[PDB]
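*Asks:* Below is a structure I'd like to ask you about.
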Amino acid sequence: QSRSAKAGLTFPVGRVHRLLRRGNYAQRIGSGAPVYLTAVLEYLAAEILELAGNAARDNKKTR
DNA sequence: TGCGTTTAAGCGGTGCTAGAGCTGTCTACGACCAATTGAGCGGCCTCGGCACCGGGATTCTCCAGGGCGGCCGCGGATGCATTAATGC
């Protein structure tokens, strides 16, 4: 099983971590950076999607 | 813009201590590689959401007729000029 499931995170911690590793950012990356990044992206995406869905539903649309 | 004044920074100088800066040490702690499988992903075919127009109710804008105080066409005078029969 992946850490995202045991941490209840929808976004992939492993994918973010491997993006950071090959993203020429720092040679040493702690385990907290990928989980923090996944959490913040999940929060931002959730808020944006909720607002967009509100804007869609107030215009008689389901998309 | 110009002036009297007054509240006030700029400045010379001190004693420190909370705090910035360089240095061993080990101890957490991640870099890297067999090995797997399981979730991300390529492809597909459909029905429900969506695109666009119809029929009226509704809402919006915009048209003209009617009662308000000043008008510019006209007619006649009666003077300016002309004119013809007659006394001289």
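By convention here, the chains of the structure tokens are called A, B, ... in the order presented, each chain's residues are numbered starting at 1, and ligands are numbered starting at 1 in the order presented.
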Can you pull out every residue within 12 Å of residue A:60, counting only C-alpha atoms (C1' of nucleotides), but drop anything in the same chain fewer than 5 positions away, and send it as a list in words?

*Replies:* residues 53, 54 and 55 of chain A; 49 and 50 of chain B

*Asks:* Counting only C-alpha atoms (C1' of nucleotides), give me one row per residue of chain A with an atom at most 9 Å from an atom of chain B, showing the shortest contact pair and its distance in Å to one decimal, sorted by chain then residue number, as a Markdown table.

*Replies:*
| residue | atom | partner | partner_atom | distance |
| --- | --- | --- | --- | --- |
| A:1 | CA | B:38 | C1' | 8.9 |
| A:28 | CA | B:30 | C1' | 7.6 |
| A:29 | CA | B:30 | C1' | 7.9 |
| A:30 | CA | B:30 | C1' | 7.5 |
| A:31 | CA | B:30 | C1' | 8.8 |
| A:61 | CA | B:49 | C1' | 8.6 |
| A:62 | CA | B:49 | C1' | 7.5 |
| A:63 | CA | B:49 | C1' | 8.5 |
